[PDB]
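These are the residues of each chain, in order.
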Amino acid sequence: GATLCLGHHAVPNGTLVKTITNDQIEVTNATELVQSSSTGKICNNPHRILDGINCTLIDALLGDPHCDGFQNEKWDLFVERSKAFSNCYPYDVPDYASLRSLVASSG
Amino acid sequence: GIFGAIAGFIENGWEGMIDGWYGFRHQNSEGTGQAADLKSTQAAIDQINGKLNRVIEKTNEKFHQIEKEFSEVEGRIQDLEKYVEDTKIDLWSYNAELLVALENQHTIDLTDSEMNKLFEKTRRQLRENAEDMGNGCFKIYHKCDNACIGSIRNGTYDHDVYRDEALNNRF
Amino acid sequence: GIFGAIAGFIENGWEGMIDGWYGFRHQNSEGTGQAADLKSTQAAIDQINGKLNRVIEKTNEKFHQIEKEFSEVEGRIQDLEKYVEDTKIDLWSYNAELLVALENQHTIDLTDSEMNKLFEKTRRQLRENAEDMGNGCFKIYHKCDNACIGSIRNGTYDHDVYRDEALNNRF
Amino acid sequence: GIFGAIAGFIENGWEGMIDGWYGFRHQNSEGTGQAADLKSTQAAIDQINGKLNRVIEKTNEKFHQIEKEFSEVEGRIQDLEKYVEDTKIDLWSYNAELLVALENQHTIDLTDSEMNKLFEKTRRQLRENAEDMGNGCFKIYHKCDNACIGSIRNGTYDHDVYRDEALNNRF
Amino acid sequence: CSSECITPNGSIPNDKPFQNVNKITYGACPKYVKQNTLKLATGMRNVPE
Ligand SMILES: *[C@@H]1O[C@H](CO)[C@@H](O[C@@H]2O[C@H](CO)[C@@H](O[C@@H]3O[C@H](CO)[C@@H](O)[C@H](O)[C@@H]3O)[C@H](O)[C@H]2NC(C)=O)[C@H](O)[C@H]1NC(C)=O
Ligand SMILES: *[C@@H]1O[C@H](CO)[C@@H](O[C@@H]2O[C@H](CO)[C@@H](O)[C@H](O)[C@H]2NC(C)=O)[C@H](O)[C@H]1NC(C)=O
Ligand SMILES: *[C@@H]1O[C@H](CO)[C@@H](O)[C@H](O)[C@H]1NC(C)=O
Ligand SMILES: *[C@@H]1O[C@H](CO)[C@@H](O)[C@H](O)[C@H]1NC(C)=O
Ligand SMILES: *[C@@H]1O[C@H](CO)[C@@H](O)[C@H](O)[C@H]1NC(C)=O
Ligand SMILES: *[C@@H]1O[C@H](CO)[C@@H](O)[C@H](O)[C@H]1NC(C)=O
């Protein structure tokens, strides 16, 4: 006579995953659902990125001289750097956050 | 799993089977052989993909949102902004943990299921001409050459042909 | 599904069976017949309802809440109100999508289960007097008239009565 | 459950079995006996614990948050603080209700599964030497003393030994 | 270079459902979670011998 065997495959290197009943259990393959890394660069496409360089958005708005390059500019995303500084008459904006927001949003 | 086939009554997997997820090994007069079952392999892969595509699907696009970091202590409103963001993150972190747990449990169970379904399909084909050896192998009580084994694998096996022989050898 | 009965080893459904979800078709000396199995039909319907009632249940009552539309640009606080509402809607949208996917998967699986359970129950009744033909039909190796078929259906079949006859015809 | 063993083809549970979750009761020439199956009992307990540990696990630590009660009517911001907290509570209340429903459904199904798996394992051991009586009892067609029953229970039963006797008594 | 999702750390790929990079994002972005990893099983239980 003959013998017929039913079987399933297996692999040398398996992967531990987590289930309802099981904290670690080995399967043949798994895929990662959490992105943990970055290339490190803000990609200039496909969004119009405006690098503010030494300028904050508010100074660009007001017209601080060293910001005058930003006149009439547009952006999808305005990037403010930490090195930014104000060179003009010292001022303050009550509810600075809101002006910043609504201008940033107007774009 | 839940059907008790994989890591079940089937002792272990075959690292040697590289052309499919599920298959047959046989031994008969002519020698030993191995072949993958592509339909059930496909069933498993299809399901897993379906689910993979459910989850890996397009993310949500968001543009202007609330501020999530603060350089000054402001009290109440910042307390609220912070609390809202923290709440959101906790809830999604929960959804994700659970999605993975459920999904994985189910994948394990469905792959077990496919195995068991192949076994069952085969047993049913063989009718009275074979016995379940409990290890996931059938004992075939008639003379089965490579063509015959093949006929079992592609689903064309005619049991009535060998029934007399097999019946004879079983008892 | 997960048991491989529906869309399984059972080729297809019967559009002709309008009195139940699961049943028997038979062919014997006297002719052909069809009858619904009401207990297992009920099992399925009951579960599906239980679930339907879990979901369709009373909604939540809310009265005065935050404002969700705005005619003026206000900045920070409006950003926050908007963000909170948007966050909530995304989270519930997720719960709903998932509830439906899970629930549906499970309904498919549980109806498959009921079918397979009926099959198994019946096979067990028949003992040595019939064989599994693999298509979801049993071959009964003794003489079974409409009363006998009935006895199988209502669970009163006594196998010992026909065992000799059947055993004889099987081998 | 989903396998139709517990509250299934197995009529009811044994309040008399206090040393395990699943076991055997037997009757042979020497008398009647009862013994627990510790492996499958363990399988069930282990899973249930895994799950219990998933849920009962460390809670989240939070310290300074938004205020959730108010002694004065303030309008807009309070509306918002209130709405945020209410939103959070409704979502977590949902998560908890569902967690429990799913988890429980699954526990019921997995304990049913374990039972059915033990049954299947045993049937496979016995080969041609016994028949499924449908009530979760096997009829053993040869002479089985307490040692033999034991051998069935600890998985060492050699069917080939009794096959001739049993085959004889079956037909 | 190109990418649909921007974070203060740099751009990140949006192919996955979730990300640990930053709670601050712009564009089509994985939802942000506290876990640095969640593996979704793509095959059966592995049982070597
Ligand atoms: C992407 O960007 C964020 C923000 O820049 C990075 O998070 C920062 O990571 C560092 C290192 O893990 C954290 O340092 C820690 O600070 C805590 C709190 O003061 C301190 O107790 C620890 O000893 C440790 O030094 C830092 O807190 C954290 N910053 C924030 C605001 O979260 C993140 O690491 C970056 N991820 C990638 C992929 O580059
Ligand atoms: C941003 O501001 C910095 C600092 O003021 C500028 O760096 C100066 O550059 C000039 C011209 O190259 C040098 O002579 C100075 O030595 C730099 N100053 C300091 C303090 O480092 C920089 O030019 C500005 N960047 C842009 C594009 O406007
Ligand atoms: C692991 O799974 C991923 C996603 O399904 C797939 O792209 C990859 O090919 C798999 N790896 C192997 C070796 O099967
Ligand atoms: C199955 O195998 C037999 C013998 O090898 C062959 O003749 C037949 O064509 C096959 N059937 C199918 C549908 O592939
Ligand atoms: C089952 O069928 C038999 C024969 O038709 C009938 O005599 C008997 O009463 C039925 N049993 C039940 C419980 O309905
Ligand atoms: C099973 O039972 C037999 C007879 O009682 C005994 O000899 C044997 O050692 C047992 N096997 C194991 C592995 O416990």
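Scoring rules and cut-offs
Residues numbered from 1 in each chain as written, not as in the entry; some residues may be left out. Chains lettered and ligands numbered in written order. Part of a larger assembly, values for the part shown. Heavy atoms only, no water. Disulfide = S-S within 2.5 Å. UniProt positions renumbered as here; feature names shortened; annotations may be inferred. Helix = DSSP H or I, 4+ residues; strand = E, 2+ residues; numbered from the N terminus. Buried < 20%, exposed > 50% of the residue type's maximum accessible area, 1.4 Å probe, protein only. Contact = heavy atoms within 4.5 Å. Buried area = accessible area lost by both parts, 1.4 Å probe. Salt bridge = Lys/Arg side-chain N within 4 Å of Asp/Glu carboxyl O. Polar contact = N/O pair within 3.5 Å; in protein donor to acceptor, adjacent residues only side chain to side chain. Nonpolar A, V, L, I, M, F, W, Y, C, P; charged D, E, K, R; others polar. Pairing = 2+ DSSP bridges. Least-squares fit on C-alpha atoms. Axes fitted to C-alpha atoms, helices over the stretch in contact; angles between N-to-C directions. Parallel < 35°, antiparallel > 145°, perpendicular 65-115°, else oblique. Left-handed = near helix turned anticlockwise from the far one by under 90°.

X-ray crystallography is the method the PDB entry lists for this structure, together with a resolution of 2.950 Å.

As annotated in the PDB entry, chain E is Hemagglutinin HA1 chain from Influenza A virus.

The PDB entry lists chain B under the name Hemagglutinin HA2 chain, from Influenza A virus.

*Asks:* Any details on the UniProt feature "disulfide bond" in chain E? Residues and values, ideally.
*Replies:* Residue and element names in this part refer to chain E. Judged by the 2.5 Å criterion, the disulfide between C5 and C29 that UniProt reports is present, the sulfurs being 2.1 Å apart. Here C5, found in strand β1 (residues 5-7), pairs with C29, found in strand β4 (residues 26-29); they are 24 residues apart in sequence, far enough to count as distant. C29 carries the same exposure label as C5, and that label is buried.

*Asks:* Tell me what's going on with the interface of chain E and chain A, and back it up with residues and numbers.
*Replies:* Residue-level contacts link 34 residues of chain E with 34 residues of chain A. Of the roughly 3000 Å² buried between chain E and chain A on both sides combined, carbon and sulfur atoms contribute 59%. It is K39, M44 and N46 of chain E in chain E that bury the most area against chain A; as a group they hold 21% of the surface buried on that side. Linking chain E with chain A are 0 salt bridges. On the surface where chain E and chain A come into contact, there are 21 residue pairs in polar contact. Secondary-structure elements contributing two or more residues to the side of chain E that touches chain A are β1, β2 (10-11), β3 (18-19), β4 and β6 (39-41) of chain E. If one sorts the elements of the side of chain E that touches chain A by residue count, β6 of chain E sits on top with 3 residues. For the side of chain E that touches chain A, a count of residues per class yields 14 nonpolar, 15 polar and 5 charged. With 2 bridges joining them, strand β5 (residues 34-35) of chain A and β3 of chain E adopt parallel strand pairing. Paired with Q35 of chain A across the bridge in β3 of chain E is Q19 of chain E.

*Asks:* Go over the pattern of salt bridges with me, naming the residues and quoting the values.
*Replies:* Under the definition given, this model contains 53 salt bridges over all chains. For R81 of chain A, the salt bridge is made with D51 of chain A, and the minimal N-O distance between the two is 3.0 Å. Here the residue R81 of chain A occupies a position in the loop between β7 (77-79) and α2 (96-106), and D51 of chain A occupies one in strand β6 (residues 49-51), the gap between them amounting to 30 residues. For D51 of chain A, a relative accessible area of 32% gives the class partly exposed. Here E103 of chain D ties to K51 of chain D by a salt bridge, and the two come within 3.0 Å at their closest N and O atoms. With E103 of chain D in helix α2 (residues 76-126) and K51 of chain D in helix α1 (residues 38-55), this residue pair connects regions lying 52 residues apart in the sequence. An identical accessibility class is assigned to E103 of chain D and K51 of chain D; each is buried.

*Asks:* Please set out the interface of chain D and chain C residue by residue, giving values where relevant.
*Replies:* Taken together, the 30 residues of chain D in the interface contact 32 residues of chain C. Together, the buried faces of chain D and chain C total about 2600 Å²; carbon and sulfur atoms form 59% of this surface. Of all residues in chain D, the largest losses of buried area upon contact with chain C belong to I2, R76 and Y83 of chain D, amounting jointly to 25% of the total for that side. Our count for the chain D to chain C interface comes out at 9 salt bridges.

*Asks:* If you had to explain the relation of the copies chain D and chain C to someone new, which residues and values would you point to?
*Replies:* Superposition of chain D onto chain C requires a rotation of 120 degrees combined with a translation of 0.0 Å along the rotation axis, giving an RMSD of 0.0 Å. Here the copies are linked by what is in effect a three-fold axis. Judged by C-alpha distance, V84 of chain D is the residue of chain D that lies nearest the rotation axis, at 4.0 Å.

*Asks:* For the pairing of strand β1 (residues 2-8) of chain A, give the residues involved together with the corresponding values.
*Replies:* Counting buried residues in β1 of chain A gives 6 out of 7 residues, a clear majority hidden from the surface. Pairing of β1 of chain A with strand β5 (residues 137-140) of chain B involves 4 bridges; the strand directions are antiparallel. Bridging from a neighbouring strand, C5 of chain A pairs with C137 of chain B of β5 of chain B. As defined by bridge partners, β1 of chain A adjoins strand β1 (residues 22-28) of chain B across 6 bridges and the pair is classed as antiparallel. Residue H8 of chain A lies in a different strand from β1 of chain B, and its bridge partner there is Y22 of chain B.

*Asks:* Just give me the short version of helix α3 (residues 146-153) of chain C, but keep the residues and values in it.
*Replies:* Residues and elements named next belong to chain C. All buried positions along α3 are accounted for by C148, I149, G150, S151 and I152. Looking at the buried residues of α3, the elements they touch are β1 (23-28), α2 (76-126), β4 (138-140) and α4 (159-170). Downstream of α3 by one or two residues, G155 has phi in the positive range, about 80 degrees.

*Asks:* Let's hear about the packing of helix α1 (residues 38-55) of chain B against helix α2 (residues 76-126) of chain B: which residues, and what values?
*Replies:* All names here are of chain B. Where α1 meets α2, the closest approach of the two axes is 9 Å, and the angle between their N-to-C directions is 165 degrees. Here α2 runs roughly antiparallel to α1, going by the angle between their axes. Between α1 and α2 lies a crossing whose hand is right-handed. Note on element contacts: α2 touches α1 through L99, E103, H106, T107, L110, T111, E114 and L118, opposite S40, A43, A44, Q47, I48, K51, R54 and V55.

*Asks:* Which residues make up the state of the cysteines, and what are the values?
*Replies:* Put plainly, two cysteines are in a disulfide when a covalent bond ties their sulfur atoms together. Counted according to the given criterion, the structure contains 7 disulfides over all chains. Note that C144 of chain C is cross-linked by a disulfide to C148 of chain C, the S-S spacing being 2.1 Å. Between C144 of chain C and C148 of chain C the sulfur-sulfur dihedral comes to about -60 degrees; the bridge is accordingly left-handed. When its relative accessible area of 7% is taken as the criterion, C144 of chain C is described as buried. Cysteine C88 of chain A shares no disulfide, and the gap to the nearest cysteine sulfur, in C67 of chain A, comes to 9.3 Å. We classify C88 of chain A as partly exposed; its relative accessible area is 45%. Looking at the unpaired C137 of chain C, the closest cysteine sulfur is the one in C144 of chain C, lying at 14 Å. The partly exposed category is assigned to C137 of chain C, whose relative accessible area is 34%.

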